[PDB]
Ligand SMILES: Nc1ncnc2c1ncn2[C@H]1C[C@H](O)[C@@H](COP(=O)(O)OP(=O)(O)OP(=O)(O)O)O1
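To begin, one chain is listed below as structure tokens, in the form deposited without ligand DTP.
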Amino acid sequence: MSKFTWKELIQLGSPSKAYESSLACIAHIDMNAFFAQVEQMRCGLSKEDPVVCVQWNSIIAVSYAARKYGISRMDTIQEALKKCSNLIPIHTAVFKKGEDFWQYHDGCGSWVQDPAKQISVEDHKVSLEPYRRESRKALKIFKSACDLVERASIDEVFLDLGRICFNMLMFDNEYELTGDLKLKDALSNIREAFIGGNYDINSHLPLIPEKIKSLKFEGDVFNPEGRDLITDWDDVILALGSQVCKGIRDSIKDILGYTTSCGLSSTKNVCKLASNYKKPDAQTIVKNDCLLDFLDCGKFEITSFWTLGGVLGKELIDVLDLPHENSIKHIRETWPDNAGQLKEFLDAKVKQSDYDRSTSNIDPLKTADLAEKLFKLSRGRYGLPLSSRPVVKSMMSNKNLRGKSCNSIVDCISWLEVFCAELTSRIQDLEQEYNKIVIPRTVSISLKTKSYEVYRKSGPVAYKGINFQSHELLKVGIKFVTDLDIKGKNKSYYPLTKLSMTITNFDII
């Protein structure tokens, strides 16, 4: 009999619990060099053109076509032009001082000789709205194919393929394994057992039928040890999941023209790593039996994992005295039998005299959770739910001013119009992306004078109706900017060096 039970398989049908199943099928999809792709498609260019998304003299996104010339975000536009003769830099859309809308200025930029075709940093501000808009289009497509999608970022998402995979496995009557073999015939035994209902949930699943081995994996199956492809039900779910992923990625490509790289495995952490394994346009599959081979391939360390890439991770390296190479395997073999072993080790470490609870990132009252977390991560079996990111706590729009771009109250207001438009688009994005009305109640305006003095004024903002944020924000901002203008009537004030509008106290309805 299979090593998995009916409960584990059935659990895939649960949106809230599927991620806990050892048969889970999670995917991570990335739209790489996204900003460059957006500009590429906007101007009708191909993925073969060396496009680079630009900002003033910096590069903020490098197409993979341009990376082939050794160009990166560390290069200035001029340096990149030297590395690539047929380079196509495209400046980001920008707001102009005093206007409440962004605009593209193709054919303009620091690299163009013509003095009449420049995009001055003094009276302009980059807008990333075009990218947020394109991202929302992709999200809609992802959400249309999968009932549980996590927007990890503007160019990355997680998908829980549980329901789709479970239903394909049990009810898909069209899918074809071969020209003479249908998925339904290959799996008649388990499908009949499922509808049969004569099983205990803790009973093991029957062995996979030899015919399901004809099922193909779509993408690259990370398998340096040459293990068999389909050996148990977890491989079957995963293979079905790869077919589904490809279809979803094909939809993003055909509708929007955006390429993606994808990672598929049984947990969020592993599929995210797999996603960045072959960064161009690819799909990497990590079978459960290949989890250790993958984690020990040489590219990863304990600090490669989600929450361990910062101060906590650095502390664990010291606390657990881990090597700088193969820390993952080290953790596995140093506490091989159970998490409790690691817990005991941690409990001894926390009681050590040199331990400083005051500045430690480790919680001495929850060593059980940490131990289990590390025990599992090191084996590629730590499942986390696809959660919908925390409510925006604060949004800021600011501008480090050069020269006299803000030489008076009229200038301050002109900049606030830009800031308000920015924050407004960003609020509407959070509203759509998560279908929720976001109303800010507190507004804070800060600024730095010519003499580097800092003035700040916070205060409540009204809501004379639905999405009115724009007009309302501006009005309160203009009042504060005027109030501070007067507070600095007798002082070297106006050639301002900085100005910012910050909104907080969010009321999500």
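Quick note: we count residues from 1 along the sequence shown, nothing fancier.
What comes next is about the form solved in complex with ligand DTP, which is not displayed.
- In the modelled overlay, ligand DTP taken from its pose in the bound PDB entry has three or more atoms closer than 2.4 Å to backbone or C-beta atoms of this form, which marks the pocket as blocked.
- Here the chain stands by itself, but in the bound PDB entry one stretch of 458 to 466, 442 to 450, 33 to 41, 475 to 483, 33 to 41, has heavy atoms within 4.5 Å of ligand DTP.
- Proximity of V51 to ligand DTP in the bound PDB entry falls outside the 4.5 Å heavy atom cutoff.
- Put simply, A27 is far from ligand DTP in the bound PDB entry: not one heavy atom of it is within 4.5 Å.
- Not displayed here, ligand DTP is approached by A61 to within 4.5 Å at the level of heavy atoms in the bound PDB entry.
- Contact check for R227: no non-hydrogen atom falls within 4.5 Å of ligand DTP in the bound PDB entry.
- The contact residue chosen from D75, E129, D123, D155 relative to ligand DTP in the bound PDB entry is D155, the criterion being a non-hydrogen atom within 4.5 angstroms.
- The single contact residue among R379, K279, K96, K117, judged by any heavy atom lying within 4.5 Å of ligand DTP in the bound PDB entry, is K279.
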